[PDB]
Structures are given as C-alpha cells and as structure tokens.
Amino acid sequence: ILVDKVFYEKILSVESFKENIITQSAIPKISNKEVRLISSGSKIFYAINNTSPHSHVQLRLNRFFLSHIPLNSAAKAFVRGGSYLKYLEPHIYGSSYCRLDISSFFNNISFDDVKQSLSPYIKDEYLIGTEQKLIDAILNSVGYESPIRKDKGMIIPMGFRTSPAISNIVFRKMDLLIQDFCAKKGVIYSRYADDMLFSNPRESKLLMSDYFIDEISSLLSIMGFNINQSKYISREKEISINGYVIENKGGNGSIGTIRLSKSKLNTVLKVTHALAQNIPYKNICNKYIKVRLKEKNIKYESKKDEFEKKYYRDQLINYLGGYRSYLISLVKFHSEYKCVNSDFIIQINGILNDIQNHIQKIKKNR
Amino acid sequence: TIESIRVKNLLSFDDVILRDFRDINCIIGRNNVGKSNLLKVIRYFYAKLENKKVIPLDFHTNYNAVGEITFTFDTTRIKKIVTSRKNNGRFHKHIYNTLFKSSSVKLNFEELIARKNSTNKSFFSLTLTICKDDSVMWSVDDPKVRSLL
Amino acid sequence: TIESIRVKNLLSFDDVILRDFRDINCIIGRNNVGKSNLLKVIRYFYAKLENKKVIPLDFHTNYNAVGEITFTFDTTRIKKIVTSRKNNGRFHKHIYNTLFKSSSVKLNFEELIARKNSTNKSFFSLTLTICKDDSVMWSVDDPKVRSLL
DNA sequence: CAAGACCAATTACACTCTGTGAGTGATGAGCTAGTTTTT
RNA sequence: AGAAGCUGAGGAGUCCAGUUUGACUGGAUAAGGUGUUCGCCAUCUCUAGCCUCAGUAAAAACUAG
C-alpha cells in the first residue's frame, strides 16, 4: 500500500482537514486542549475528543491504511483474527516455557522508528506547498507532544485508536529478529502486545538459562526496548499465564493442553452461588462486578427505584452474556485446534448450563 | 494412523490444518494450485524424513522468518503391539525404545502408568521448521525417530 | 578477469587452488570426476551469485563444518574505466559505489590514493561458505556486489 | 549500564574518441448497554 | 541503577505485634484442606469469606452446539 496526496484528501481527510489543503495551510499538530489525561494506578492514558478532526482522520487512517501494511505472524494482538488463545496455542508442543515482558511499550517507541517504518508505504512528497511533507502530515495525527518526561519529542500515547497498529508495524523488525533467533535455537515464539512467550519442545535448559535473557535483551536494545525483570517466568512442564494453564508432561512429540484455573473462574462461580442463594442483585452488582450508579446521576426526575432495579438487572444480564460468550469462544477455539482438556470442557459445559439457567430465571423474574 | 497436517507460511498456505482423516478422503475444488502445494508439502516432509537433499519450499510471505509443517501420527495400535508382553522381537523393542520410553514412562508414579493405557489414544507430533537461511530444524533431535516414522 | 579459484572441503577438493589463468586454458587428466566437480563448483558459485535456489554441494569429509569457495577477480581495468573523469554515467557510478567506494574511504586521498594510481593491480575476493545446516554465508553482506559481479 | 545480532521491498556504458577507458402536528416527555488480554 | 509496583482516596468492627495506662503506628477476611518448580502456582470442598466515595481511553477475539 502506497498513499499520495489524492488518496489522503479523498479517503483519509475526506472532510476533517479539508480547509487546510485548499487555503495553503499546514496541518496543525495535536494541542493539549483536545487531549485529556486519565489516571489509573501509575499508568496514564490520552483520550482525544471525538469532535477533533484528528480523531476522525486517525480513525480513517486505521481503517484504510494501517490495516493493509504486512505484519509478522508472531504478533497475535491488535490484528484481525488475533486473540490471546492464538497467542497461547503454539506453545502446546513445548516442554519448557519462558514468559518475558517489555518495559512501558508505547512510551519507549521512538517516533523516528515510526517514521522509518511508515516511510515505505507513504510517498515522499510535499503536501502543503514546500512547507510540510506527507510524512509529517500523517504522523501529526498519530503522536502527541506529552507534557511530561521532560518533553523529549513526540510520543505514541497509550489511549489512541492508531497506537496498536503502529506499534505492531514498528515492532515487526524485532519480531522477525527474535523469531529468527528462536528458530535457530528451536524455540516457538509468540507475542501479545508486549508479552513474549517462548516454548522449547526439547529437553534443554535454554529457557531457564541467562543466555536466552541476555540475547533477548541485546536484540531489544537495537530499538531501545528493555525487559521487565519483575515479571520473568521460566518453568518446566507447566505454566500459568493470567489464569491460563498450559500443561505438557512429556517429551519427544507430546501434545500439551490449555485450560483455565479455578482462580480465573472463581468470580463467576461466586456470582452463580449468590444467585442460587437468592441474594439481592444490588450486592452482586456492587461487589462481584463493581458496577454502581455513580453519584446518583439519574439526570431526569422520575421513578428512580424502577430505573435502578432495571439497571442492576440488565447489567447482570450483560455480565452473564459476556462471560458465556467468553466460555463459548474458548470451546470454539478448542473445536478449531483441539488443545483443551476434556475435563475442562466438561466443566465449562456445566458452567455454561448453569449460566443459561440463571439468566433464563432472571429474565422470567423480569 | 495420521490425524493432523498443519502448514504455516509455506507456498500458498498461511495457517492451514487438515484433520479428521478418513479412509477414502477425496479432494475437490477449483484451486488446483492449492492441491499441488499440499502435495509438494507432503513430499518435502517425507523427503526430509528420509534425509534427502531437496530444495527448501518457498515462504508464503517474506515478513515471517519461519515456515512450519506439523504432522500428527496416531500411534495407538503400534503402542498396543509393542507394549504387549508376548512379542519380544528386535524391531518391536527398537520401536518401543525409539518413539516411546521417557516422557510418560518412568517419569511419573506407577498408578499413572497403570491407568495410562485403558481406552485413550496416543499421538506423536513432529515439526519441520524452515528458516530464512534455507536451514531445516526438527522438533525432535533424533534421526532414528524420523527414520522409524 | 579472474585470478584465483579456491575450493576447500567440497566434493573431491580438499585445499585446491587454481591460479595464473591465461587467455586459453586446457584441462587434461585421467580424473574426469575432478573436472566435473570443478565445473559443478563454478556453476554452484555463479548460481548462488544470481540468487538461485539450488541444492548445496557435498562436503569432502563430514569432520569439517565449513566448505569454502573463494573467487578472486582482477578488478583493474574496470576500476580504471570507472575512475576516469570522462566516464560519469549511471552504470559507472553504480560500479564505483558498490565496489571501489568502501576501499577508498579508508585510504587518504592526499597520499594513498595518489600512490595507488600506478601500474599495480587491484583484486576483489569473494568467499561462499556452506555450513552443515545447508546454509550459505557470504563475505559481503549485500546482494548488490554479488549481482554486479 | 551496555551489546554483536539493525525487516522487506524499493537492465543498463560513454563519448569527440567507433576503439578506449584518456590526453586529445417544526425545543416536556425520559432513559442504558458484556468477558478477557495488553494495561 | 535504573527498571518495576499501583485504579486512587477512604471508612466501621475485630485480631496480632510494638510503644504506652493511655492513645498511636504497622499489617489486614477469596474461607479451609492437599501437592508443589515455593510463585500473586495448581487442585478439591463449602455457608463463598466487609462497606462508602472518585475514576474508567484505545485495538483485537467471542453472541456455539
């Protein structure tokens, strides 16, 4: 995919930045007024107002331009057809497991690397007279001059709709390098966002050695990425990643299994048990799911009790439907790949039956 | 005795898995190139099993550094034959020592071994990986296993 | 044109080196296998130059992990052609940039470049390495030099 | 800290010299919206 | 040698430890049992193991039998 001025005007900036092209006006950058900061723990996120032309132009950039750039198969995140289940699937053939994490990923992505990665797919031509190139015009819709970190240039924010695709595009090179290294070492490699999973089918201590860590760090140092040593995992014959258990007790061509631990399903089991105890929906909504009517934002003056009851019923409906969708997504993944424990299949079938019965009961009570 | 054939990033395959094989499996379709590529993949895999010098297959996309082929063999009947205390032949012991032993044998409790083979079926997975430098890597680093298969 | 051809640990050649090539070279001998192997080595080297997927050559002995093919080209006439001020075409500049530019930036223009402008000859050495895993390595890490040669 | 390994895709001469490579029923109605991972 | 944690602010009762006769500080209810690569891990069984306020942006898979 290659873009020109005509493609940018007629597809990407169809109406948002239409006054700039006609009246010889350079594309403005993203100001602090149109971006708001949301704090969660030690993390910050940048949200762009929908009324801003940059939001529309970056939405169309993601829809028409970033989706056509080729990626690496090891990237199982932020891609059409990608999923966490596909991120964990290739490692059923391995006997040893090693999970690594990069540092703050979107913060360590240099803007120069983004420009270099997106240069081959964008024509090297000037857009607004002999003032600004098309590269800068497109890149001004994806970055943000953050007011923190001593103002060290444009940084890819963690809350834009164009960040993940650009991250995968700029990390395609590192994915290729790491995949080549692991293929030389006979290691299956997969990546989800910034979490890297490595699986060794052979009976070797390569994944438990410091050499693997040093090689991955040296490869990541090319683009400035580091490794979070606080979340280093290196196990054998079994691994647990966020409640997903991959188990393979054997060697010389042994098929592993993927299941979910009881910790992952504990919340839904508690919800079902509470429903079986006829507990009022207020407690379940405010405790198990963490959903409330914040500061009584009812706006309209009307029968508030009925609306509150309807909200505390339909939100529970939505939670049950979402979790049953998650479980049946898992069973569809099993049907597609056949890498899930039969006992876990029976357990999730029972849980699905219980959830269906409970949602039927609560709909009847409605 | 074969249940799964998986091809990833080779010829015209991105990620294609063929399963639930029958006795009289038939192949139809307008995509003759796909059938030819599948035949080429199978022939290349069985040539590399026999340790023959052949030109490596082409990648579907060059933005990936790995081309993979997975073959899963159903080894239930041969396991039942070799694990019987009635045929102590040389070839039977060779098969038992080559494909079987270790893994689920002598690496777990006796109760697991006793209940290991009641009604279940055993599968053997073999992976061929083609790198960018025309190098072939195997999931198991034992030429005897490949020759026996 | 060409000065030396060196074959190490490939086919029937152990440390064989051929030099002092004239306009007409007559190859005689009772060992036809040697002539055939030399022809195979030359053809394999020139096929790898043009990036053709071909089966790698067999090693003389398996107790060696490397097989080398070394070609030395007498790049003296072409260097004089591309160095001359009169010739400033696209192809001449390309030849100068891809062969006679890396070796020129390392030499001082005031003394070394002036001294090298004499009757002395310049040579270009290119080595092809075959590894145990059917992998090909080159002394120069860029296809442009190989393609132009 | 500091680091080898830094993706892939992007036919041919030339001149004066013809041989040489160069010196030359229009603003009361009033409302909402999953799971998981990255984070 | 800088990376990490960490959605934040809190509150009531009770326990432990310390100082201290009188109040403060630190921790802190996903409960119990078993095995563990000892990990925030896995597995099994119940009666399911506190409450209030503030904040919640993005991209992917999933609405099956």
# chains A, B, ... in the order shown; residues from 1 in each chain; ligands from 1
$ calpha_fit_rmsd --fixed "chain B" --moving "chain C"
0.9 Å
$ interface_residues --of "chain D" --to "chain B" --cutoff "12 Å" --atoms "only C-alpha atoms (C1' of nucleotides)" --output "PyMOL selection string"
chain D and resi 7-9
$ closest_atom_pairs --of "stretch 53-157 of chain A" --to "stretch 29-38 of chain D" --cutoff "9 Å" --atoms "only C-alpha atoms (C1' of nucleotides)" --output "Markdown table"
| residue | atom | partner | partner_atom | distance |
| --- | --- | --- | --- | --- |
| A:77 | CA | D:38 | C1' | 7.9 |
| A:78 | CA | D:38 | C1' | 9.0 |
| A:83 | CA | D:37 | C1' | 8.2 |
| A:84 | CA | D:37 | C1' | 6.3 |
$ select_by_dssp --residues "stretch 5-90 of chain C" --states "strand (DSSP E or B)" --output "MDAnalysis selection string"
chainID C and resid 5:10 13:18 67:74
$ closest_residue --among "B:94, B:40, B:6, B:22" --to "chain A" --atoms "only C-alpha atoms"
B:6
$ atom_distance --atom1 "atom CA of residue A:354" --atom2 "atom CA of residue A:82"
29.3 Å
$ interface_residues --of "chain A" --to "chain B" --cutoff "8 Å" --atoms "only C-alpha atoms" --output "PDB file with N, CA and C atoms, in the first residue's frame"
ATOM      1  N   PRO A  70       1.723  -5.146   5.789  1.00  0.00           N
ATOM      2  CA  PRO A  70       2.007  -6.511   6.251  1.00  0.00           C
ATOM      3  C   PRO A  70       2.667  -6.534   7.625  1.00  0.00           C
ATOM      4  N   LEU A  71       2.320  -7.548   8.414  1.00  0.00           N
ATOM      5  CA  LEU A  71       2.858  -7.755   9.755  1.00  0.00           C
ATOM      6  C   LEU A  71       3.505  -9.136   9.849  1.00  0.00           C
ATOM      7  N   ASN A  72       3.924  -9.483  11.062  1.00  0.00           N
ATOM      8  CA  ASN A  72       4.548 -10.763  11.360  1.00  0.00           C
ATOM      9  C   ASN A  72       3.542 -11.672  12.054  1.00  0.00           C
ATOM     10  N   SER A  73       3.581 -12.961  11.706  1.00  0.00           N
ATOM     11  CA  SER A  73       2.599 -13.902  12.233  1.00  0.00           C
ATOM     12  C   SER A  73       2.712 -14.063  13.744  1.00  0.00           C
ATOM     13  N   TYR A  93       3.205 -27.588  22.095  1.00  0.00           N
ATOM     14  CA  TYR A  93       4.194 -28.564  21.660  1.00  0.00           C
ATOM     15  C   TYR A  93       5.493 -28.497  22.451  1.00  0.00           C
ATOM     16  N   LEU A 176      10.710 -10.206  13.709  1.00  0.00           N
ATOM     17  CA  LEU A 176      11.473 -11.011  12.759  1.00  0.00           C
ATOM     18  C   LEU A 176      12.805 -11.453  13.350  1.00  0.00           C
ATOM     19  N   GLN A 179      12.185 -14.045  16.144  1.00  0.00           N
ATOM     20  CA  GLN A 179      11.712 -15.294  15.560  1.00  0.00           C
ATOM     21  C   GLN A 179      12.843 -16.041  14.868  1.00  0.00           C
ATOM     22  N   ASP A 180      13.714 -15.319  14.157  1.00  0.00           N
ATOM     23  CA  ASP A 180      14.863 -15.964  13.530  1.00  0.00           C
ATOM     24  C   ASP A 180      15.792 -16.567  14.575  1.00  0.00           C
ATOM     25  N   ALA A 183      14.124 -19.660  15.998  1.00  0.00           N
ATOM     26  CA  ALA A 183      14.143 -20.737  15.015  1.00  0.00           C
ATOM     27  C   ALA A 183      15.519 -21.381  14.939  1.00  0.00           C
ATOM     28  N   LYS A 184      16.577 -20.568  15.000  1.00  0.00           N
ATOM     29  CA  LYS A 184      17.922 -21.127  15.068  1.00  0.00           C
ATOM     30  C   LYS A 184      18.106 -21.945  16.339  1.00  0.00           C
ATOM     31  N   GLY A 186      15.576 -23.368  17.894  1.00  0.00           N
ATOM     32  CA  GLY A 186      14.467 -24.303  18.000  1.00  0.00           C
ATOM     33  C   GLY A 186      13.450 -23.961  19.068  1.00  0.00           C
ATOM     34  N   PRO A 201      10.398 -27.388  22.901  1.00  0.00           N
ATOM     35  CA  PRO A 201       9.940 -28.785  22.929  1.00  0.00           C
ATOM     36  C   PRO A 201      11.003 -29.755  23.407  1.00  0.00           C
ATOM     37  N   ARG A 202      12.277 -29.432  23.217  1.00  0.00           N
ATOM     38  CA  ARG A 202      13.355 -30.340  23.562  1.00  0.00           C
ATOM     39  C   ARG A 202      13.687 -30.241  25.048  1.00  0.00           C
ATOM     40  N   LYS A 249       3.310 -32.694  30.104  1.00  0.00           N
ATOM     41  CA  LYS A 249       4.174 -33.576  30.886  1.00  0.00           C
ATOM     42  C   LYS A 249       4.663 -34.708  29.984  1.00  0.00           C
ATOM     43  N   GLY A 250       5.729 -34.417  29.251  1.00  0.00           N
ATOM     44  CA  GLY A 250       6.305 -35.401  28.360  1.00  0.00           C
ATOM     45  C   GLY A 250       7.289 -34.758  27.408  1.00  0.00           C
ATOM     46  N   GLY A 251       7.838 -35.601  26.537  1.00  0.00           N
ATOM     47  CA  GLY A 251       8.785 -35.173  25.533  1.00  0.00           C
ATOM     48  C   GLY A 251       8.707 -36.083  24.327  1.00  0.00           C
ATOM     49  N   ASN A 252       9.468 -35.725  23.292  1.00  0.00           N
ATOM     50  CA  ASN A 252       9.501 -36.465  22.031  1.00  0.00           C
ATOM     51  C   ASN A 252       8.102 -36.566  21.418  1.00  0.00           C
ATOM     52  N   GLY A 253       7.565 -35.407  21.049  1.00  0.00           N
ATOM     53  CA  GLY A 253       6.278 -35.350  20.384  1.00  0.00           C
ATOM     54  C   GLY A 253       5.104 -35.610  21.303  1.00  0.00           C
ATOM     55  N   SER A 254       4.888 -34.716  22.264  1.00  0.00           N
ATOM     56  CA  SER A 254       3.778 -34.814  23.200  1.00  0.00           C
ATOM     57  C   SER A 254       2.879 -33.598  23.040  1.00  0.00           C
ATOM     58  N   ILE A 255       1.573 -33.834  22.998  1.00  0.00           N
ATOM     59  CA  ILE A 255       0.591 -32.772  22.820  1.00  0.00           C
ATOM     60  C   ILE A 255       0.244 -32.185  24.181  1.00  0.00           C
TER      61      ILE A 255
END
$ residues_around --residues "stretch 11-17 of chain D" --least-positions-apart "5" --cutoff "10 Å" --atoms "only C-alpha atoms (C1' of nucleotides)" --output "mmCIF file with C-alpha atoms (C1' of nucleotides), in the first residue's frame"
data_model
loop_
_atom_site.group_PDB
_atom_site.id
_atom_site.type_symbol
_atom_site.label_atom_id
_atom_site.label_comp_id
_atom_site.auth_asym_id
_atom_site.auth_seq_id
_atom_site.Cartn_x
_atom_site.Cartn_y
_atom_site.Cartn_z
ATOM 1 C CA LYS C 86 35.322 11.317 -18.606
ATOM 2 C CA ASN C 87 33.053 8.384 -17.702
ATOM 3 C CA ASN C 88 30.257 9.683 -15.462
ATOM 4 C CA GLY C 89 27.276 7.537 -16.448
ATOM 5 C CA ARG C 90 24.791 5.859 -14.146
ATOM 6 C CA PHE C 91 26.325 2.393 -14.512
ATOM 7 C CA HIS C 92 29.878 3.665 -13.980
ATOM 8 C "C1'" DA D 22 42.246 9.334 -21.833
ATOM 9 C "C1'" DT D 24 43.025 14.523 -27.123
#
$ residues_around --residues "stretch 45-50 of chain C" --least-positions-apart "4" --cutoff "7 Å" --atoms "only C-alpha atoms (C1' of nucleotides)" --output "PyMOL selection string"
chain C and resi 41+146-147
$ write_last_selection --atoms "N, CA, C and O atoms" --output "PDB file, in the first residue's frame"
ATOM      1  N   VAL C  41      31.361 -26.872  -8.989  1.00  0.00           N
ATOM      2  CA  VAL C  41      31.670 -25.813  -8.031  1.00  0.00           C
ATOM      3  C   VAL C  41      31.478 -24.445  -8.672  1.00  0.00           C
ATOM      4  O   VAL C  41      30.868 -23.543  -8.084  1.00  0.00           O
ATOM      5  N   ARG C 146      27.290  -8.955  -5.306  1.00  0.00           N
ATOM      6  CA  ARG C 146      27.216 -10.267  -5.937  1.00  0.00           C
ATOM      7  C   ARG C 146      26.515 -10.192  -7.288  1.00  0.00           C
ATOM      8  O   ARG C 146      26.971 -10.794  -8.267  1.00  0.00           O
ATOM      9  N   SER C 147      25.411  -9.445  -7.362  1.00  0.00           N
ATOM     10  CA  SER C 147      24.689  -9.314  -8.623  1.00  0.00           C
ATOM     11  C   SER C 147      25.535  -8.613  -9.678  1.00  0.00           C
ATOM     12  O   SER C 147      25.560  -9.033 -10.843  1.00  0.00           O
TER      13      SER C 147
END
$ residues_around --residues "stretch 358-361 of chain A" --least-positions-apart "3" --cutoff "12 Å" --atoms "only C-alpha atoms (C1' of nucleotides)" --output "number ranges by chain"
A: 268-269, 271-278, 313-324, 351-355, 364-366
$ closest_residue --among "E:46, E:28, E:57, E:12" --to "chain A" --atoms "only C-alpha atoms (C1' of nucleotides)"
E:57
$ closest_residue --among "C:120, C:70, C:36, C:84" --to "residue C:7" --atoms "only C-alpha atoms"
C:70
$ atom_distance --atom1 "atom CA of residue B:77" --atom2 "atom CA of residue B:93"
15.0 Å
